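# A closer look at the structure
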Number of protein chains: 4
Amino acid sequence: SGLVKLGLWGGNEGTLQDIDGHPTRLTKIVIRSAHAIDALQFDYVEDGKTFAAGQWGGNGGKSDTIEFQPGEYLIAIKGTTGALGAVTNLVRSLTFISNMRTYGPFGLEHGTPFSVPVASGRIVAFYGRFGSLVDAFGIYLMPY
Amino acid sequence: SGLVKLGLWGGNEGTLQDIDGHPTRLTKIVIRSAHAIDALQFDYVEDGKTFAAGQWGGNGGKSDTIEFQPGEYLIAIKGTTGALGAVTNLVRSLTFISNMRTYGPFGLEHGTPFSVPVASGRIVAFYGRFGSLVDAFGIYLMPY
Amino acid sequence: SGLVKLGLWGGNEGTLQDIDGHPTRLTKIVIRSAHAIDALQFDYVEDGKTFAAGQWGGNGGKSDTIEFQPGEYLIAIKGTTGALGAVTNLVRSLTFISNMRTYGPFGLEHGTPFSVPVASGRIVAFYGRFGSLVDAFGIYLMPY
Amino acid sequence: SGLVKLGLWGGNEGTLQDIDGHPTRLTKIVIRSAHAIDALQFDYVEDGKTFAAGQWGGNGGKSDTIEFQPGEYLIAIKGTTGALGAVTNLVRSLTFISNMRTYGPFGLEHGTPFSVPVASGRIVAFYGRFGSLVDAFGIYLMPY
Ligand SMILES: CO[C@H]1O[C@H](CO)[C@@H](O)[C@H](O)[C@@H]1O
Ligand SMILES: CO[C@H]1O[C@H](CO)[C@@H](O)[C@H](O)[C@@H]1O
Ligand SMILES: CO[C@H]1O[C@H](CO)[C@@H](O)[C@H](O)[C@@H]1O
Ligand SMILES: CO[C@H]1O[C@H](CO)[C@@H](O)[C@H](O)[C@@H]1O
Ligand SMILES: CO[C@H]1O[C@H](CO)[C@@H](O)[C@H](O)[C@@H]1O
Ligand SMILES: CO[C@H]1O[C@H](CO)[C@@H](O)[C@H](O)[C@@H]1O
C-alpha cells in the first residue's frame, strides 16, 4: 500500500471496518443517511477487477448512489461529526465533491466540520468505524 | 513528486508560495504567530541535504521553533481559518501533533476548524498563500 | 507522477517518445517484431479512461497483440539489446511475463540480456527511443 | 511501504534476508567480494534515524565501503549472475553508479548480465538470498 491513509474523523464506538485490497480507482459510492450517516458501501478497481467494499453500517435512513463517470474523480470531501441521540460522537454529514459536481451534503451538517481538499492526488477508498451508523470515517489517497 | 498534496485551507488573497524540491523528511518548523498565523518557515531533507523553505509571510507576532528529534514525526495537524480585522479569510491557528508531543495551538482558535489526522503516511512539507500573514495553508504527505 | 521510471535499455539513436499522463493500469500491448523489435503500442487507464500510447517505431516485422484479462498483470519483463545492421545498439527482443502466462519472446534473443523481475509493484506504461525500430526501451512502475 | 521492489536476480539457494522498515534514504554500503559477491551490508534512514541492515552473507573476499555524500544518490546498478563452484546460480558481480562516480565492479563480471538504470526514482534499500555468498539480489525504489 503506497497509499496515504487519513483518519479517523468521528468517535470511538462501533467497530473498525477496512479494505482488504490495493485500490487504484474509486468507481461508486452507496451512502445511507438521514439525521446522520447510516452506512457506506463503495466499489473500487484493482488490477482491472471491480471489488465491492461494505456495506458498513446499518440499514436505516435512505439510500443514495454515486456512480462516477470515466474521467470523474473526487477533488474534495467535507463532513461534520458530533452527537446524535445517545451516541456521543459520530459522522453527521458527508459531502463528496468531484471535478464535475457536488454530491450531498448527506445527513445533517450539525457539529464540528472537517474538510479534505485535494490539490494533487486521487481518493481511491475509505475505512471507518461502524455500528448501526457511521461512528467514524477515513480516506485513502494515491499520489497523482 | 509521489506526494499527496492537501489544501488549501483558508482564503484567496496574499500570494501563492510553494516548494521547489522533493522532500522526504520534515526536520524543523519556525512559525510566527499572535492573533493569527503571521509566517511559516521549515527545513526538509532531500537526498541527505537540508533545504530551507520560506520564510513565507510577514515579520509580525512572535516566533516559535519546532525542531523534530530523530524518530519524531507529525501524526496530525489541526487549525482554524476565518476573518481577522480587514482580511476576510486567513489562517487563525495551527496545531502540530507529533508522536511525542503537541506543539501549539499557535495563533487563536477562532473561526472554522480543520483537522488532518494521519493514520498512515508522513508529513514532509507545506505550501500556502502569504501576504503580511498566512492567508492559506496546505500539506504534502508521503506514503509510509 | 508517483511512478518509478526505469530505463533506458538500448542505444542513443532514434527519437525519444514518452507518455503524457498518469497511468494506473496497463491493459494492452501491440508489438511489431521479427529479427528485432520494430514498434510498440500500448493502452493504459487513467481516471477510468483508456488512452492509447504510440504507435512508436516503424511498420516492419509482424504484429502481435497482448490483451490483459481482469486480474492479470505483468510480473517480469526480459529482453536483449545489441547491434543490428547499421544500428549500433537497439532492442533485439522482449518477453512479457504475467501472473498467468508468458508472452514472447518477440524478436530474437541475441545480444546483451536485461531483466526486470517485479517482487512488489505494477508495470503500468513504457517509453523509449524509436526510429524505424525500437532503439531503446523503458518501464514505468507503480507501488502495489 | 510505498516502495517498488525489484528482484530477485540470481539463484534459489541460501536463505532469504530482507529489511523490516520504511527506508527513505540509502547512506552506506559495505560489500565483501572477490570472485563473486560474498556479503552485503547497508545503512538506511527512516524518520531521521539510521538503521543497519545485514551483514548478509559470509566473511570471504575483501571488504569495500561506499559512503554516499549529501546530494549523492544511485542512478543505476549493474551486475552479473551465474554458477560458481558447487552453486548453480549466485551473484558474481555488482556495480553501483551514483550521480557523482562509479563504485565497482565488485566481484568478477562473468555470467549473465543484468542492469537497472533509474530514469526517475531513488534506490533506498536492498534484499536478497544469502548463505556463505550472495545467492540472489534485489532492490527497493522510491518515486522521486
Ligand atoms: C446504537 O448503538 C450501536 O450503533 C452506534 C452507532 O453506530 C455505535 O456507536 C454503538 O457502538 C453500537 O454499535
Ligand atoms: C495586509 O494585506 C496583505 O496581507 C494580507 C494577509 O496576508 C493579504 O490578505 C493581503 O493580500 C495583503 O498581502
Ligand atoms: C530482417 O528483416 C526483418 O526483421 C526486421 C527487424 O525486425 C524488420 O524490420 C523487417 O521488416 C523484417 O521483418
Ligand atoms: C534507420 O534509421 C532510423 O531508424 C533507426 C532505428 O530505429 C534509428 O537508429 C535512426 O536514428 C533512424 O531513426
Ligand atoms: C575464490 O576465492 C575467493 O573468492 C570467493 C568468492 O568471492 C571468496 O569466498 C573467497 O574467500 C576468496 O576470496
Ligand atoms: C555453501 O553453502 C551455503 O552457501 C551457498 C552460497 O551462499 C548457498 O547456496 C547454500 O544454500 C548454503 O547456504
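Residues numbered from 1 in each chain as written, not as in the entry; some residues may be left out. Chains lettered and ligands numbered in written order. Heavy atoms only, no water.

As summarised from the PDB record, the model derives from X-ray crystallography at a stated resolution of 1.895 Å.

Going by the PDB entry, chain A carries the name Jacalin-like lectin and comes from Ananas comosus. As recorded in the PDB, the entry bears the title "Structure of AcmJRL, a mannose binding jacalin related lectin from Ananas comosus, in complex with methyl-mannose".

All names here are of chain B. Evaluated as defined, the whole model comprises 16 salt bridges over all chains. Two residues, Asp 18 and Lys 5, come together in a salt bridge whose shortest N-O distance is 2.7 Å. You can see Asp 18 sitting in the loop between β2 (15–17) and β3 (25–33) and its partner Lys 5 sitting in strand β1 (residues 4–10), a full 13 residues away along the chain. Here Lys 5 falls in the buried class, since its relative accessible area comes to 16%. (Salt bridge = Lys/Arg side-chain N within 4 Å of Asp/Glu carboxyl O. Helix = DSSP H or I, 4+ residues; strand = E, 2+ residues; numbered from the N terminus. Buried < 20%, exposed > 50% of the residue type's maximum accessible area, 1.4 Å probe, protein only.)

All names here are of chain D. Among the structural elements, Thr 50 can be located in strand β5 (residues 49–57). The spatial distance from the C-alpha of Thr 50 to the C-alpha of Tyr 73 is 16 Å, given a sequence separation of 23 residues. For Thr 50, the residues in contact, after removing those within four places along its chain, are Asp 43, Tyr 44 and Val 45. (Contact = heavy atoms within 4.5 Å.)

What follows concerns the relation of the copies chain B and chain D. Both copies of the chain are placed relative to one another by a rotation about an axis and a shift along it. With an axial shift of 0.0 Å and an RMSD of 0.2 Å, the rotation relating chain B to chain D amounts to 180 degrees. In the structure described here, the two chain copies are related by an operation that fits a two-fold rotation axis. By C-alpha distance to the rotation axis, the residue of chain B lying nearest is B:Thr24, at 3.3 Å. When you check the interface residues of chain B against chain D, 100% turn up at the interface there too, and the contact is symmetric in its surfaces. (Least-squares fit on C-alpha atoms.)

For the rest of this paragraph, the subject is the sheet that holds strand β4 (residues 37–46) of chain A. All names here are of chain A. If you trace the four strands from one edge of the open sheet to the other, you get β5-β4-β3-β6, paired in antiparallel fashion. A single partner strand is all that each edge strand has here, and the edge strands are β5 (49–57) and β6 (62–67). If you compare each strand with its neighbour and ignore which way they point, the axes differ by 15 degrees on average. As paired elements, strand β3 (residues 25–33) and β6 share six bridges and run antiparallel to each other. Its bridge partner being in β6, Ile 29 is matched across the sheet by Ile 66. (Pairing = 2+ DSSP bridges. Axes fitted to C-alpha atoms, helices over the stretch in contact; angles between N-to-C directions.)

Turning to the site of ligand 1, a few remarks are in order. Residue and element names in this part refer to chain A. The immediate surroundings of ligand 1 are formed by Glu 13, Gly 14, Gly 131, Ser 132, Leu 133 and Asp 135. The backbone of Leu 133 places a nitrogen or oxygen atom 2.8 Å from an oxygen atom of ligand 1. Within the side chain of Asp 135, a nitrogen or oxygen atom sits 2.5 Å from an oxygen atom of ligand 1. Its residues assigned to classes, the shell around ligand 1 comprises one nonpolar, three polar and two charged. (Near = heavy atom within 4 Å. Polar contact = N/O pair within 3.5 Å; in protein donor to acceptor, adjacent residues only side chain to side chain. Nonpolar A, V, L, I, M, F, W, Y, C, P; charged D, E, K, R; others polar.)

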